[PDB]
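This report concerns only the one structure given below.
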Amino acid sequence: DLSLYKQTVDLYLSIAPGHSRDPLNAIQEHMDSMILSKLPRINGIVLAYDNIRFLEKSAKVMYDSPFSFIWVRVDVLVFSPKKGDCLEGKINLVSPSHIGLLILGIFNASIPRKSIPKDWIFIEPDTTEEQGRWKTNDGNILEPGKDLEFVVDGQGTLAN
Amino acid sequence: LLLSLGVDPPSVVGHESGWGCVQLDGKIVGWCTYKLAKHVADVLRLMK
Amino acid sequence: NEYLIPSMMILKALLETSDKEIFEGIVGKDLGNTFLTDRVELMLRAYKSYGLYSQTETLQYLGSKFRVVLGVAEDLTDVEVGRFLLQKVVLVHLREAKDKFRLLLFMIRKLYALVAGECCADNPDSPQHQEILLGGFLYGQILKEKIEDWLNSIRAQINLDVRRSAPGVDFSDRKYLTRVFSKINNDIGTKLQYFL
Amino acid sequence: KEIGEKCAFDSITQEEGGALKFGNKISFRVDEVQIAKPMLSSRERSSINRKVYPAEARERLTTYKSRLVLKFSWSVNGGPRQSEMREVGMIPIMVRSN
């Protein structure tokens, strides 16, 4: 669905003293650290950030730390999969205890057989024991059906 | 090839004094005098 | 265990053969070769001393004599036990009993020739009379051995399953087969790894 | 194949019968042996289930084994002889081999 989110947040950034010539320098310096790392304040993973502008306060310096602090406004791109609704992924590993899916080619999904309706069955091949087809109740085979659509619980669910 | 070559497996005893036995890895297939034996050997390796 | 059964016994048991057929196969040549003739006669006579005549009687006698060390199906019959022997031990490389018989003839013939110095002693202590064992081959052989012990173990489990009183006795329910499959130890790969 | 098959049943003592009867006879045998490649510790671990090259088995100091499958066949003293695969463990594999 529309699981993508962009949110302009305001943070209390710690400007190093050596980058006193330009704050934007040290701002992006650690801003490149937040990317792809979960911002727990919003409980999502940083995907993009722009509009690096500070509420101009000529940052107040700590009482005993030379690196100062200031409030800055930036616009994050967190992706919130908070068990909202139907999402979809490409299956990468398939074995009759859980299914491994990739959402957006990055994030992982382990839908266990219990959250899967019992009616679907697995075939355990000859070349591979576990790398095989969790053929659905319908009999439709799932590997070439690389995309699987499902609902999220937090972690996935196939039971209807 | 052995049958076409001068030996034969008998049913009732096709065996006499100067006749030698030929063995295919533990299976009697025929008999021939030793001259025929050596000649068969030579021609067979030659075919091989 | 070593086991010694008279050659003449297994001979007449192998093929529905007349003793004249034996004699004319063993030494049929140069009619009246002294040594071969008198020895062969003694052999036929010493077996005749106690033995039986037709092939089936000897087959049944053999089966009834050897049904124990055989792990064969206990219930079926007795003459098929003898055929089991004749197929399973005597000359396993061969399959046609008449051909086995011809070769046994050739073999005892060569043996007698060796008795009278008519042939030099083969040297087993020479790479002439010798071949090599590989790894994969012995690997397959021991593997087959464990296969068979596994089959015999699961058969034994089904047997004791019947034997207790009748805990579960239904050779038609796949559930029962699942239960007994779990009942036996279903790992052998560790056995081969163990040996290696 | 040259192993054959094994029988089991309920033996009723003959007791002068001579043909000690038995009905529920099962004769089972393995149809074939399946040796697959040594997959990665087969049971899924939420990763791309790949293979294990022997170098790794050297490193982790572990034997180099691959699953072993039998094709078990039945008989209910009729003609059912349906099949099923039984894993009987994992056995080693030699380097560079087939």
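Numbering starts fresh at 1 for the residues of each chain in the structure tokens, the chains themselves are lettered A, B, ... in the order given, and ligands are numbered from 1 as they appear.
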For a quick test of understanding: name the residues of chain D lying within 6 Å of chain A when counting only C-alpha atoms, and present them as a PDB file with N, CA and C atoms, in the first residue's frame.
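Output saved as result_19.pdb:
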```pdb
ATOM      1  N   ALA D  36      21.876 -36.453  -2.402  1.00  0.00           N
ATOM      2  CA  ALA D  36      21.930 -35.099  -2.911  1.00  0.00           C
ATOM      3  C   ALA D  36      23.219 -34.414  -2.468  1.00  0.00           C
ATOM      4  N   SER D  46      16.248 -18.829   7.999  1.00  0.00           N
ATOM      5  CA  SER D  46      15.867 -17.478   7.588  1.00  0.00           C
ATOM      6  C   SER D  46      16.985 -16.793   6.800  1.00  0.00           C
ATOM      7  N   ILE D  48      19.308 -17.207   2.820  1.00  0.00           N
ATOM      8  CA  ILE D  48      19.295 -17.850   1.513  1.00  0.00           C
ATOM      9  C   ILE D  48      20.016 -19.191   1.628  1.00  0.00           C
TER      10      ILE D  48
END
```
DSSP-assigned strand (DSSP E or B) among segment 25-79 of chain A, expressed as a ChimeraX atom specification: /A:35,38-39,44-46,49-54,60-61,68-76,79
Set the distance at 8 Å and use only C-alpha atoms: which residues neighbour residue 9 of chain C once local chain neighbours fewer than 6 positions away are removed? I'd like the list as a VMD selection string. chain C and resid 47 51 58
Give me the residues near segment 17-28 of chain B as number ranges by chain, where near means some atom within 9 Å (using only C-alpha atoms) and where sequence neighbours in that chain fewer than 6 positions away do not count. B: 7, 9, 34, 37; C: 28-30, 93-94, 99-100, 102-103, 106
Take the residues from that selection and put them in a file with N, CA, C and O atoms, as an mmCIF file, in the first residue's frame.
```cif
data_model
loop_
_atom_site.group_PDB
_atom_site.id
_atom_site.type_symbol
_atom_site.label_atom_id
_atom_site.label_comp_id
_atom_site.auth_asym_id
_atom_site.auth_seq_id
_atom_site.Cartn_x
_atom_site.Cartn_y
_atom_site.Cartn_z
ATOM 1 N N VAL B 7 34.758 -71.025 -31.992
ATOM 2 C CA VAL B 7 34.446 -71.769 -30.781
ATOM 3 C C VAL B 7 32.937 -71.808 -30.631
ATOM 4 O O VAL B 7 32.209 -71.076 -31.310
ATOM 5 N N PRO B 9 29.753 -72.918 -27.422
ATOM 6 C CA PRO B 9 29.385 -73.544 -26.162
ATOM 7 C C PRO B 9 28.492 -74.741 -26.409
ATOM 8 O O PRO B 9 27.404 -74.610 -26.989
ATOM 9 N N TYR B 34 44.676 -74.920 -28.844
ATOM 10 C CA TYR B 34 45.470 -73.797 -28.366
ATOM 11 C C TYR B 34 45.948 -72.910 -29.504
ATOM 12 O O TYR B 34 46.122 -71.703 -29.312
ATOM 13 N N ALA B 37 43.261 -70.796 -30.011
ATOM 14 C CA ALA B 37 43.200 -69.897 -28.863
ATOM 15 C C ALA B 37 44.105 -68.690 -29.052
ATOM 16 O O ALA B 37 43.665 -67.542 -28.902
ATOM 17 N N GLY C 28 34.978 -86.023 -19.669
ATOM 18 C CA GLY C 28 34.617 -86.486 -20.994
ATOM 19 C C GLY C 28 35.620 -86.004 -22.018
ATOM 20 O O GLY C 28 35.540 -84.892 -22.545
ATOM 21 N N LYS C 29 36.551 -86.898 -22.326
ATOM 22 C CA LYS C 29 37.727 -86.699 -23.154
ATOM 23 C C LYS C 29 38.477 -88.012 -23.062
ATOM 24 O O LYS C 29 38.173 -88.834 -22.196
ATOM 25 N N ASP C 30 39.421 -88.223 -23.983
ATOM 26 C CA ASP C 30 40.478 -89.232 -23.865
ATOM 27 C C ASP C 30 40.012 -90.476 -23.112
ATOM 28 O O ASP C 30 40.686 -90.929 -22.180
ATOM 29 N N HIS C 93 28.364 -64.418 -8.849
ATOM 30 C CA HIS C 93 28.618 -63.703 -10.092
ATOM 31 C C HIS C 93 27.744 -64.206 -11.226
ATOM 32 O O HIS C 93 27.429 -63.448 -12.149
ATOM 33 N N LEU C 94 27.368 -65.474 -11.186
ATOM 34 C CA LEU C 94 26.611 -66.089 -12.260
ATOM 35 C C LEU C 94 25.131 -66.129 -11.919
ATOM 36 O O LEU C 94 24.733 -65.945 -10.766
ATOM 37 N N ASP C 99 24.772 -72.758 -16.344
ATOM 38 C CA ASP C 99 26.091 -72.208 -16.616
ATOM 39 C C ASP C 99 26.973 -72.288 -15.380
ATOM 40 O O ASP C 99 28.160 -72.624 -15.477
ATOM 41 N N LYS C 100 26.406 -71.964 -14.216
ATOM 42 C CA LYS C 100 27.089 -72.247 -12.961
ATOM 43 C C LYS C 100 27.555 -73.688 -12.927
ATOM 44 O O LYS C 100 28.686 -73.977 -12.528
ATOM 45 N N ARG C 102 28.149 -75.812 -15.485
ATOM 46 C CA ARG C 102 29.264 -76.013 -16.401
ATOM 47 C C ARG C 102 30.562 -75.512 -15.787
ATOM 48 O O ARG C 102 31.602 -76.176 -15.865
ATOM 49 N N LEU C 103 30.521 -74.329 -15.176
ATOM 50 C CA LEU C 103 31.743 -73.776 -14.612
ATOM 51 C C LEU C 103 32.217 -74.569 -13.410
ATOM 52 O O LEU C 103 33.422 -74.765 -13.243
ATOM 53 N N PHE C 106 34.137 -77.282 -14.871
ATOM 54 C CA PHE C 106 35.468 -76.840 -15.270
ATOM 55 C C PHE C 106 36.354 -76.669 -14.053
ATOM 56 O O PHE C 106 37.547 -76.991 -14.083
#
```
